[PDB]
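Peer 1: Below is a structure I'd like to ask you about.
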Amino acid sequence: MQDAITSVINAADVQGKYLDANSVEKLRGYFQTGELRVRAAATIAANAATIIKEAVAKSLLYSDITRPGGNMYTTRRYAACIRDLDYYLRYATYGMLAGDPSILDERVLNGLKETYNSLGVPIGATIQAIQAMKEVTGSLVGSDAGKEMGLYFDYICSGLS
Amino acid sequence: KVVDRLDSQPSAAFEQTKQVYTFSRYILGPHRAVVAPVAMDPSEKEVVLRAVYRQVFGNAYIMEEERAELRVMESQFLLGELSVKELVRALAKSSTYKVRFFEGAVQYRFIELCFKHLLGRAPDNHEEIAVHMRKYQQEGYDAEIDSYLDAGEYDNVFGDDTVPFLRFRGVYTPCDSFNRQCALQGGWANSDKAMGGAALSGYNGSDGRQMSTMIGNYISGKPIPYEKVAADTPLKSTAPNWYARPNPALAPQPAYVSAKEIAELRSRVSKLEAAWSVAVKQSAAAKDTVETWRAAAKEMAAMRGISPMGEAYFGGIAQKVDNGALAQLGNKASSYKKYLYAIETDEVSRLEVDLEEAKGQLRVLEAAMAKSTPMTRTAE
Amino acid sequence: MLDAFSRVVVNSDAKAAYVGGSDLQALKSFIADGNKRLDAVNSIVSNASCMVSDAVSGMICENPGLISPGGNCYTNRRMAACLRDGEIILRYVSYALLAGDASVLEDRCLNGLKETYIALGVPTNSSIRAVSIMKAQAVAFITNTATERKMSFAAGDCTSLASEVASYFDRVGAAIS
Amino acid sequence: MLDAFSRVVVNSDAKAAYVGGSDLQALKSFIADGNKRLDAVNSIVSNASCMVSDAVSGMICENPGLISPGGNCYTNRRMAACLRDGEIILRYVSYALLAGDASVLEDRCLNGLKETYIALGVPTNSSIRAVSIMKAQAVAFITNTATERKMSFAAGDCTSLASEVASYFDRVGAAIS
Amino acid sequence: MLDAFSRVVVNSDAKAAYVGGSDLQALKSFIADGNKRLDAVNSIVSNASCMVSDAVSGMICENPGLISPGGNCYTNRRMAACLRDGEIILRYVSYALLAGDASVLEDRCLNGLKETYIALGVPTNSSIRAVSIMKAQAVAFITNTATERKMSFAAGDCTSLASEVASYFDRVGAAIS
Amino acid sequence: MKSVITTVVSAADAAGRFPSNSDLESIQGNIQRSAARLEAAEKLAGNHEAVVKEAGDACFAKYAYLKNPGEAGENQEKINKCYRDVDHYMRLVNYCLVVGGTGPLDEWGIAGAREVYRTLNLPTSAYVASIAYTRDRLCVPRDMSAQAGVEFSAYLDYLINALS
Amino acid sequence: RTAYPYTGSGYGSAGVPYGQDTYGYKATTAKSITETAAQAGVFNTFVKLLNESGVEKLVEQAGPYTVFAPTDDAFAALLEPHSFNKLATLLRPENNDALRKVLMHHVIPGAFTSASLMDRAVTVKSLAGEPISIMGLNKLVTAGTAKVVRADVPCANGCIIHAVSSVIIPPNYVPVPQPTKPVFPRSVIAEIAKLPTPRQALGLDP
Ligand SMILES: *C(=C)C1=C(C)[C@@H](Cc2[nH]c(/C=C3N=C(/C=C4\NC(=O)[C@H](C)[C@H]4CC)C(C)=C\3CCC(=O)O)c(CCC(=O)O)c2C)NC1=O
Ligand SMILES: *[C@@H](C)[C@H]1/C(=C/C2=NC(=C\c3[nH]c(C[C@H]4NC(=O)C(C=C)=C4C)c(C)c3CCC(=O)O)/C(CCC(=O)O)=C2C)NC(=O)[C@@H]1C
Ligand SMILES: *[C@@H](C)[C@H]1/C(=C/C2=NC(=C\c3[nH]c(C[C@H]4NC(=O)C(C=C)=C4C)c(C)c3CCC(=O)O)/C(CCC(=O)O)=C2C)NC(=O)[C@@H]1C
Ligand SMILES: *[C@@H](C)[C@H]1/C(=C/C2=NC(=C\c3[nH]c(C[C@H]4NC(=O)C(C=C)=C4C)c(C)c3CCC(=O)O)/C(CCC(=O)O)=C2C)NC(=O)[C@@H]1C
Ligand SMILES: *[C@H](C)[C@H]1/C(=C/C2=NC(=C\c3[nH]c(C[C@H]4NC(=O)C(C=C)=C4C)c(C)c3CCC(=O)O)/C(CCC(=O)O)=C2C)NC(=O)[C@@H]1C
Ligand SMILES: *[C@H](C)[C@H]1/C(=C/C2=NC(=C\c3[nH]c(C[C@H]4NC(=O)C(C=C)=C4C)c(C)c3CCC(=O)O)/C(CCC(=O)O)=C2C)NC(=O)[C@@H]1C
Ligand SMILES: *[C@H](C)[C@H]1/C(=C/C2=NC(=C\c3[nH]c(C[C@H]4NC(=O)C(C=C)=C4C)c(C)c3CCC(=O)O)/C(CCC(=O)O)=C2C)NC(=O)[C@@H]1C
Ligand SMILES: *[C@H](C)[C@H]1/C(=C/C2=NC(=C\c3[nH]c(C[C@H]4NC(=O)C(C=C)=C4C)c(C)c3CCC(=O)O)/C(CCC(=O)O)=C2C)NC(=O)[C@@H]1C
Ligand SMILES: C=CC1=C(C)[C@@H](Cc2[nH]c(/C=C3N=C(/C=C4\NC(=O)[C@H](C)[C@H]4CC)C(C)=C\3CCC(=O)O)c(CCC(=O)O)c2C)NC1=O
Ligand SMILES: C=CC1=C(C)[C@@H](Cc2[nH]c(/C=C3N=C(/C=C4\NC(=O)[C@H](C)[C@H]4CC)C(C)=C\3CCC(=O)O)c(CCC(=O)O)c2C)NC1=O
Ligand SMILES: C=CC1=C(C)[C@@H](Cc2[nH]c(/C=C3N=C(/C=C4\NC(=O)[C@H](C)[C@H]4CC)C(C)=C\3CCC(=O)O)c(CCC(=O)O)c2C)NC1=O
Ligand SMILES: C=CC1=C(C)[C@@H](Cc2[nH]c(/C=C3N=C(/C=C4\NC(=O)[C@H](C)[C@H]4CC)C(C)=C\3CCC(=O)O)c(CCC(=O)O)c2C)NC1=O
Ligand SMILES: C=CC1=C(C)[C@@H](Cc2[nH]c(/C=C3N=C(/C=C4\NC(=O)[C@H](C)[C@H]4CC)C(C)=C\3CCC(=O)O)c(CCC(=O)O)c2C)NC1=O
Ligand SMILES: CCC1=C(C)/C(=C/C2=NC(=C\c3[nH]c(/C=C4\NC(=O)[C@H](C)[C@H]4CC)c(C)c3CCC(=O)O)/C(CCC(=O)O)=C2C)NC1=O
């Protein structure tokens with residue numbers, strides 16, 4: 001994993017240079033918005049249970065998926081349903097804090113499209129469930145805090161399709 | 001009863017636009033009705049004159065050296081005794097029109113251009129084409145322009161003050177004739193000098209043949225291929241810019257196809273549309289788990305009513321019953337929102353969407369396989 | 001056709017969503033830089049009459065058979081039409097820079113352009129270069145580095161608008177390629 | 001459309017040459033024999049009403065299956081519609097004989113006549129007997145070698161003009177095949 | 001195009017700097033006359049959009065049964081496609097002049113061309129003409145003895161390069177004959 | 001759609017002119033009026049489910065004949081497809097406020113609605129008694145700003161004018 | 001009776017083995033970028049340039065790339081009068097650094113598939129350092145001036161390959177000039193004869 005601070009240290013170190021003016025400007029961009037992410041990161045951790053409960057019921061609850069013969073039918077399949085959505089919500093909160101989506105490519109999108117295709121999980125429905133989870137999570141942290149939040153929800157859906 | 005009158009009839013006295021134009025592709029693009037008002041400023045006599053030279057010449061480009069023959073009939077319009085239907089009669093009878101679209105054109109191509117320019121209507125059936133040939137051979141070019149305009153069709157559609165436009169009529173009298181219109185107005189960036197080969201057949205752009213393709217579709221009643229309606233078309237100039245889940249756009253014909261990947265695609269559409277026939281039948285009765293208990297759960301909940309909202313004490317504590325129409329049924333906001341997510345959640349709609357993504361890919365992979373002997377191949 | 005504001009409406013419609021918290025923030029930075037966009041469109045419509053002769057005549061000097069007899073820009077009417085289609089392309093790229101979205105390029109500028117060039121006989125290799133020279137001119141006028149004309153702007157960078165207009169001059173340079 | 005004089009114009013321009021003393025010797029003999037062309041073409045128009053009934057009724061007695069039920073001139077509609085095209089073939093070689101060139105012939109008469117006859121299903125060998133029976137009468141009028149009707153002229157060689165229109169009916173047969 | 005010669009990789013982290021163990025002895029010895037060779041190729045690619053346009057127009061006036069109705073170049077789909085084949089035939093020949101072997105010409109253009117024309121009914125005896133017209137333009141443009149365009153080359157001699165491209169053109173005119 | 005930008009590029013392209021000076025001037029008014037109507041679109045995005053619920057049962061309290069057998073509210077499936085339609089009209093008004101003009105309500109919400117409500121026998125007074133309720137619930141300094149409440153209640157009255 | 005069954009054994013299953021073959025974590029059958037291109041037989045010129053220029057060292061790394069390799073007909077289409085003026089000097093055996101900057105422009109970091117680019121305009125930075133535009137509208141995917149013909153070819157380390165019809169030139173690319181001979185000042189007095197003096201700088205002299 002590399003955050004916004006480490007990503008600028010990387011760009012400088014590959015040239016052997018100290019931190020110049022263009023580098024110190026990117027560092028102030030992170031520090032100035034830093035205590036806003038720490039406030040949004042605690043607000044989502046407190047509403048994690050309801051962000052998923054309202055996203056599921058609104059998106060895929062009375063759908064054919066929960067009826068006999070579909071995916072998420074058995075209780076284990078339902079429990080693996082809502083266990084996956086909390087994985088995305090918990091990792092998108094790690095990315096908004098670090099300001100760099102590098103943690104999502106190593107520990108979330110690490111070949112997740114092949115796993116969902118083999119098992120038979122509907123990729124079209126999981127992308128719309130994450131999207132439904134973006135409209136309820138955005139009404140909590142506001143627009144300015146939701147900008148960096150929704151930036152990573154679309155990263156998971158784009159890296160999943 | 002959806003529509004009440006077609007566009008081939010005159011407008012009724014209680015409407016601004018016609019009814020069939022209100023939900024057509026007329027509202028979505030540039031093919032609309034430009035009307036000249038009662039008293040015209042000289043700046044907004046250009047807005048009517050640029051629209052005439054768009055339509056009646058079919059996106060041909062009149063240079064100013066050759067717009068000089070039109071200043072006599074331009075000024076007769078700018079004065080105001082030539083209406084728009086009389087300006088286009090003299091413009092069709094001009095010399096710059098007969099050089100472009102008559103003096104090198106086969107007689108099929110000249111009639112289908114006059115159907116595109118004077119009317120907003122590709123030629124409908126064959127005996128209509130035949131009777132319009134059978135005036136020019138007997139009466140010459142002069143009276144034949146009075147065939148298109150001095151009938152009931154021009155007065156009912158354009159009147160005398162609207163510039164002609166490509167009509168998106170709604171109701172098409174053959175349904176093939178919608179395809180002819182899309183094959184004739186084929187592109188915003190196109191023009192009949194290109195589509196008729198009238199620049200490449202001649203010398204330095206002059207002396208061109210205005211030869212027609214799709215002649216045999218007039219005589220033998222045969223449909224237009226779907227590529228000529230979806231890739232270079234008025235439907236791309238009037239594109240609704242929707243989200244469409246079967247996206248109608250024609251993908252580019254790929255280089256490097258192989259007969260292996262066509263056979264897997266051809267097989268999997270037979271797996272999908274056989275599954276669709278056995279899933280559509282399965283649905284409409286036993287699809288719903290909570291449906292057989294609905295009459296038993298509807299007879300259990302029909303007592304304990306609180307008219308002045310705020311009853312159901314359940315002890316001495318208070319409960320806040322609301323008497324809305326939705327919440328009386330026990331429903332939430334997610335009860336009406338589930339109808340929006342039935343595209344990646346329904347099993348009958350997932351099959352049909354996945355079927356027509358595949359016949360989209362199959363219609364362009366098969367047609368690229370119509371190429372031959374010196375073809376270099378690949379390893380996927 | 002669409003602009004930058006309606007393009008995010010039809011992508012939110014594809015998810016049945018309201019244009020909400022994190023979806024509006026990118027549009028509030030489209031109007032926060034909305035004056036640099038108006039300052040950048042004005043650079044191109046100012047020098048537009050000399051943008052299409054710096055480019056068309058710069059194509060003749062590289063492929064000199066275009067004016068040789070039998071060539072595509074040989075007579076006066078064929079040369080007049082090439083300058084007439086040269087500025088009609090720059091006219092639609094200016095609408096795409098103004099609207100912030102390339103819908104007008106797809107819906108009505110390029111709707112049949114590759115088909116109509118083969119039907120006429122326009123050489124498509126040279127007509128890339130007439131569009132490719134205009135790309136070099138337009139990023140010089142937006143970053144204010146034209147070597148024979150300077151215009152007066154406020155201080156700041158327009159690096160992002162110079163790359164976006166570079167994206168429209170090669171969507172045209174690839175949809176007839 | 002063109003004529004015999006404009007034929008050497010588009011050819012000399014294609015290699016960018018002045019029309020000079022070499023290529024004018026054929027045109028100078030073309031204008032000098034052009035008086036005999038003027039009282040050549042006048043033979044055709046004076047008989048062209050009578051010529052088609054002399055030449056399409058030879059088509060229906062050389063192949064009398066066409067007047068049968070199911071034959072392709074059975075109806076009262078189709079017997080007129082063959083007489084409708086019995087003379088338009090002659091009308092566009094009268095244009096080509098008076099012009100000395102067939103650029104107006106194969107741009108309004110044979111510009112998709114083969115595909116029209118296939119899509120209609122007009123029997124394409126009787127059609128060649130609707131041209132060659134005109135040919136045996138058209139040069140019979142040009143060379144003044146008609147048996148029944150005679151016309152007044154002045155003597156001299158007329159055979160290259162009978163041959164130039166014998167080239168203008170072989171263009172008909174070699175196209176609609 | 002960019003495989004026609006050799007290059008020297010001189011930086012570490014490349015594996016061709018060290019572990020190549022091999023030099024292109026036939027492509028390093030081929031830059032011996034490479035400067036003269038690149039001027040012969042540049043002589044053709046600067047003239048290419050007129051060479052194909054002259055040669056296809058040079059045979060229509062030499063066999064006027066092609067743009068006759070029913071002839072193989074009458075319709076618009078076929079006139080453009082014959083123009084495309086000359087642009088491809090000439091382009092492969094230039095590659096062979098650049099790389100100095102007929103390998104890319106015999107594999108990428110001639111391998112499977114004779115069968116294709118007689119599968120499409122393409123008249124080949126007029127198709128070998130347009131190559132033999134394009135062969136004469138290539139030997140004028142390389143020896144700089146063309147009439148109405150000259151260029152500024154270094155003073156020297158470009159024979160043994162004009163006979164080498166004389167071999168690549170009747171290699172085309174024999175593989176399809 | 002119908003925006004500020006699309007009207008000044010389609011009137012220009014009809015004429016054949018570059019973006020002129022009166023064109024860039026009208027797009028400056030898109031910058032001033034922006035933050036008023038981007039403030040009412042965000043108030044609608046985060047509070048719509050409480051608006052649609054309250055606007056929906058105003059339709060059935062006013063007309064209770066709809067819940068009879070025979071009418072357009074006879075079961076739970078048609079009632080859910082009623083509150084769904086209010087949430088469609090409320091979502092298009094949010095799309096109109098973001099675009100700038102009446103683009104989305106014309107092509108997606110009006111163009112044909114006079115026909116599909118006649119054949120399916122949906123009463124249209126029941127549609128407008130839900131939209132007029134929300135226009136009259138707008139307490140203009142509490143819900144949003146005073147200039148946002150103008151931009152919000154403009155498309156609300158545009159819709160009632162189109163259905164009535 | 002269904003359409004999309006679920007994999008698994010035991011009770012509450014459908015009859016389909018886990019992962020469709022009892023293989024939950026399947027092994028990689030795809031091969032590297034450099035050898036999946038050499039196998040197709042149409043990226044012949046492209047892969048040969050990667051080996052001669054040295055760019056092959058980073059095309060094999062594990063980093064998720066999105067290559068836009070040009071077909072052999074694309075490299076043969078550089079014989080155009082215009083594009084030849086820009087790249088004809090890359091044939092010289094000493095201009096290898098210029099070839100590396102023209103090749104590395106086609107290696108995009110990230111895995112952009114043809115379906116994710118549907119109706120989306122994306123701008124990224126190549127491995128050369130310059131910004132590149134990728135936008136698929138109306139199912140017409142074009143990378144700069146490429147207009148991809150063959151959409152997707154999956155490769156070893158989760159990388160993607162697309163086939164383009166042209167060669168993409170970097171934005172701020174200046175063609176290296178032809179080799180020239182050094183020129184020296186013939187006379188030194190003529191050097192002084194072109195330098196203005198202080199009198200001429202003040203206007204007191206001609
Ligand atoms: C019609 C029957 C007819 C023609 C059309 C015309 C075509 C033609 N041209 C040649 C010979 C050459 N053509 C050349 C081409 C060009 N010269 C130029 O400067 C420009 C760039 C280009 C044309 C735009 C050249 C260089 C030659 C060689 C002769 C010379 O020195 O110019 C032929 C064949 C003659 C031969 O191959 O020897 C033809 C058919 N000529 C026609 O007769
Ligand atoms: C990048 C292309 C340029 C550059 C651009 C900047 N322009 C800035 C401000 C600016 N420009 C205008 C005029 C513009 N607005 C309009 O409404 C109209 C016409 C109707 C036009 C032409 C205005 C009004 C402004 C605002 C400042 C002012 O003049 O009062 C600007 C400042 C940043 C910002 O305002 O956000 C920049 C950087 N400057 C450059 O360095 C390059 C060359
Ligand atoms: C072979 C086809 C013919 C034949 C041809 C000859 N015609 C000769 C002369 C000729 N014809 C006309 C009339 C013509 N010119 C016109 O302007 C008009 C109409 C307005 C017509 C019909 C004229 C005027 C002449 C010139 C003689 C004269 O009348 O003064 C001719 C003489 C040779 C020559 O002119 O060089 C020949 C051989 N003659 C035949 O016997 C067969 C039928
Ligand atoms: C409840 C307060 C309403 C009411 C609503 C009903 N609507 C029914 C069907 C229906 N409605 C629409 C229009 C709607 N769909 C859209 O996509 C948009 C805008 C984006 C709108 C405004 C359509 C197209 C349809 C037909 C398809 C469908 O089922 O959605 C409906 C069912 C009637 C039936 O099945 O016969 C009801 C009950 N009914 C009321 O009483 C008030 C007016
Ligand atoms: C309804 C049961 C279908 C469906 C229909 C749609 N049709 C759309 C446009 C359209 N429909 C027709 C068919 C009809 N019109 C005729 O004139 C004739 C014959 C004379 C027939 C059978 C035509 C020809 C057209 C195109 C003409 C036009 O748009 O003016 C349409 C709109 C598509 C759009 O706006 O892009 C729809 C939705 N769609 C369905 O899902 C069911 C299966
Ligand atoms: C110039 C940079 C080119 C070139 C251009 C020629 N174009 C000729 C005709 C022509 N061009 C267009 C394109 C244009 N019209 C549009 O509506 C749009 C998109 C909105 C575009 C880009 C059209 C439609 C036509 C046909 C004109 C007509 O039908 O009258 C042309 C020949 C004109 C003639 O033959 O009279 C030329 C020479 N040629 C070149 O060599 C450079 C590369
Ligand atoms: C032109 C001077 C000829 C002539 C040419 C035609 N060729 C036609 C189609 C065609 N030609 C080729 C070969 C060409 N394509 C290549 O990729 C390569 C090199 C690798 C070469 C030499 C192919 C493969 C095709 C079919 C593909 C296509 O048509 O796009 C053609 C059209 C045939 C038709 O429409 O029936 C013509 C007219 N024909 C002539 O009359 C002159 C002599
Ligand atoms: C052949 C058809 C000509 C001709 C050619 C000669 N060129 C000679 C030298 C030369 N040519 C170039 C340009 C060439 N080199 C490149 O690297 C590129 C593209 C990037 C091109 C087009 C250069 C740079 C040079 C070197 C300058 C010099 O050495 O003077 C040359 C003399 C050297 C040699 O023979 O190898 C000749 C003879 N000369 C002719 O007479 C015909 C017309
Ligand atoms: C063979 C003939 C020939 C030409 C005509 C020019 C044409 C030309 N100009 C530029 C490059 C440019 N061209 C212009 C155009 C103009 N500058 C202005 O200020 C005017 C408004 C307008 C002239 C009417 C501009 C602004 C640039 C960018 C650099 C600059 O001039 O400051 C380029 C791209 C860079 C390059 O390849 O060199 C070309 C090909 N070059 C040629 O080789
Ligand atoms: C399907 C509808 C249909 C018809 C209506 C008829 C009409 C008809 N009659 C004739 C043809 C003829 N018709 C007559 C008729 C007459 N001459 C006279 O002296 C009388 C006045 C008159 C009838 C009593 C003669 C003499 C001919 C021969 C002329 C010729 O063939 O050149 C022809 C030309 C072809 C042919 O000869 O067979 C046709 C189409 N035939 C049809 O197939
Ligand atoms: C501009 C060029 C031009 C022409 C050359 C003619 C030729 C021509 N004839 C017909 C149409 C026809 N052409 C014939 C002709 C014949 N049947 C035979 O047995 C003979 C071989 C031959 C005449 C002797 C017949 C019989 C019809 C009518 C077909 C029918 O009515 O079913 C058509 C189709 C149009 C239509 O049917 O209205 C055309 C183009 N007309 C033109 O406009
Ligand atoms: C089945 C019925 C049937 C016929 C009607 C004739 C029709 C006919 N006439 C001619 C042959 C001819 N036909 C004409 C035409 C005419 N002659 C004139 O004087 C008039 C101006 C015009 C009739 C109105 C001419 C001028 C000749 C040349 C012989 C001559 O008359 O000098 C020919 C070709 C050569 C020949 O046979 O001589 C034919 C087929 N033959 C038949 O088998
Ligand atoms: C999209 C825009 C938007 C709105 C307009 C409101 C609409 C609205 N207002 C209220 C709720 C309220 N609205 C008012 C306001 C008023 N009551 C009066 O008697 C005065 C006339 C008026 C002041 C202007 C009051 C006092 C309440 C609380 C009591 C009540 O619900 O009636 C509620 C109930 C939930 C809540 O408290 O918010 C809703 C949905 N909400 C929105 O999301
Ligand atoms: C930390 C990153 C990470 C992710 C994302 C992850 C996913 C993952 N999802 C799984 C299953 C599953 N995933 C779902 C998911 C869904 N059902 C639906 O209807 C929706 C479309 C979708 C989301 C709600 C279901 C139903 C299963 C059970 C499949 C089975 O038991 O056979 C499994 C198999 C293991 C198990 O049975 O629990 C893994 C490993 N693992 C990880 O390590």
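Please note that chains go A, B, ... in the order of the structure tokens, that every chain numbers its residues from 1, and that ligands are numbered from 1 in the order shown.
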List all protein, DNA and RNA residues that have at least one atom no more than 8 Å from any atom of ligand 2, counting only C-alpha atoms and all ligand atoms, and write them as a short mmCIF file (atom, residue, chain, number, x, y, z; two decimals) with N, CA and C atoms, in the first residue's frame.

Peer 2:
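Ended up saving to part.cif:
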data_model
loop_
_atom_site.label_atom_id
_atom_site.label_comp_id
_atom_site.auth_asym_id
_atom_site.auth_seq_id
_atom_site.Cartn_x
_atom_site.Cartn_y
_atom_site.Cartn_z
N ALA C 32 -16.17 26.06 -11.44
CA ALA C 32 -15.12 26.79 -10.75
C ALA C 32 -13.98 27.13 -11.69
N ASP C 33 -13.79 26.33 -12.74
CA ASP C 33 -12.87 26.64 -13.82
C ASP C 33 -13.61 27.05 -15.08
N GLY C 34 -14.83 27.55 -14.93
CA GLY C 34 -15.65 27.85 -16.09
C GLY C 34 -15.22 29.07 -16.84
N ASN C 35 -14.41 29.93 -16.23
CA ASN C 35 -13.93 31.12 -16.89
C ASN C 35 -12.67 30.87 -17.69
N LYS C 36 -11.83 29.93 -17.25
CA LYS C 36 -10.72 29.49 -18.09
C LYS C 36 -11.21 28.77 -19.33
N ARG C 37 -12.35 28.09 -19.25
CA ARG C 37 -12.93 27.45 -20.43
C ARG C 37 -13.44 28.48 -21.41
N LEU C 38 -14.04 29.56 -20.92
CA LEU C 38 -14.47 30.63 -21.80
C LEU C 38 -13.29 31.42 -22.33
N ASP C 39 -12.22 31.50 -21.55
CA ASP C 39 -11.00 32.15 -22.03
C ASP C 39 -10.28 31.28 -23.05
N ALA C 40 -10.47 29.96 -23.01
CA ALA C 40 -9.80 29.07 -23.95
C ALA C 40 -10.56 28.91 -25.26
N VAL C 41 -11.88 28.97 -25.23
CA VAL C 41 -12.65 28.94 -26.47
C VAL C 41 -12.42 30.21 -27.27
N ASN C 42 -12.25 31.34 -26.59
CA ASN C 42 -12.04 32.61 -27.26
C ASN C 42 -10.70 32.71 -27.96
N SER C 43 -9.72 31.92 -27.55
CA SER C 43 -8.44 31.89 -28.24
C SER C 43 -8.56 31.26 -29.62
N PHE C 141 -2.40 28.03 -28.76
CA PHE C 141 -3.21 29.19 -28.43
C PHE C 141 -3.81 29.12 -27.04
N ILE C 142 -3.99 27.93 -26.50
CA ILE C 142 -4.58 27.79 -25.17
C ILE C 142 -3.53 27.93 -24.09
N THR C 143 -2.35 27.35 -24.28
CA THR C 143 -1.27 27.55 -23.34
C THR C 143 -0.49 28.84 -23.59
N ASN C 144 -0.90 29.62 -24.59
CA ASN C 144 -0.30 30.91 -24.96
C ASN C 144 1.17 30.77 -25.32
N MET C 151 -1.75 36.57 -26.61
CA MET C 151 -2.96 37.18 -26.10
C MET C 151 -2.84 37.30 -24.58
N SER C 152 -3.66 38.16 -24.00
CA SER C 152 -3.48 38.59 -22.62
C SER C 152 -4.49 37.89 -21.72
N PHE C 153 -3.98 37.09 -20.78
CA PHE C 153 -4.80 36.34 -19.86
C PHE C 153 -4.35 36.61 -18.43
N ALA C 154 -5.16 36.18 -17.48
CA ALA C 154 -4.72 36.18 -16.10
C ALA C 154 -3.72 35.06 -15.87
N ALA C 155 -3.07 35.09 -14.72
CA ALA C 155 -2.05 34.09 -14.44
C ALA C 155 -2.68 32.80 -13.96
N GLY C 156 -2.01 31.70 -14.26
CA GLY C 156 -2.48 30.37 -13.92
C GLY C 156 -2.13 29.41 -15.03
N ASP C 157 -2.57 28.16 -14.93
CA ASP C 157 -2.26 27.18 -15.96
C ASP C 157 -3.54 26.75 -16.65
N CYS C 158 -3.43 26.44 -17.93
CA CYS C 158 -4.52 25.85 -18.68
C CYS C 158 -4.03 24.56 -19.30
N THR C 159 -3.31 23.77 -18.51
CA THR C 159 -2.76 22.50 -18.99
C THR C 159 -3.86 21.49 -19.22
N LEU C 161 -7.12 22.05 -20.06
CA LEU C 161 -7.94 22.33 -21.23
C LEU C 161 -7.17 22.09 -22.52
N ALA C 162 -5.85 22.21 -22.47
CA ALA C 162 -5.03 21.98 -23.65
C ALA C 162 -5.00 20.51 -24.01
N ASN F 21 -19.80 35.93 -29.35
CA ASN F 21 -19.60 36.61 -28.08
C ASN F 21 -20.86 36.60 -27.24
N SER F 22 -22.03 36.62 -27.88
CA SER F 22 -23.28 36.44 -27.17
C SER F 22 -23.50 35.00 -26.74
N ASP F 23 -22.72 34.06 -27.26
CA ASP F 23 -22.80 32.68 -26.80
C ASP F 23 -22.06 32.50 -25.48
N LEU F 24 -20.83 32.98 -25.40
CA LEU F 24 -20.05 32.85 -24.18
C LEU F 24 -20.61 33.70 -23.06
N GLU F 25 -21.39 34.72 -23.39
CA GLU F 25 -22.02 35.56 -22.39
C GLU F 25 -23.16 34.82 -21.71
N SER F 26 -23.91 34.02 -22.47
CA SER F 26 -25.01 33.27 -21.90
C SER F 26 -24.53 32.11 -21.04
N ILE F 27 -23.33 31.60 -21.30
CA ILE F 27 -22.75 30.55 -20.47
C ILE F 27 -22.17 31.12 -19.18
N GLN F 28 -21.95 32.43 -19.12
CA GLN F 28 -21.60 33.05 -17.85
C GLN F 28 -22.79 33.09 -16.91
#

Peer 1: What's around residue 284 of chain B at 12 Å? Count only C-alpha atoms, leave out sequence neighbours fewer than 5 positions away in its own chain, and write the answer as a ChimeraX atom specification.

Peer 2: /B:279,291,348

Peer 1: Quick one: distance from atom CA of residue 118 of chain A to atom CA of residue 378 of chain B in Å, one decimal?

Peer 2: 27.4 Å
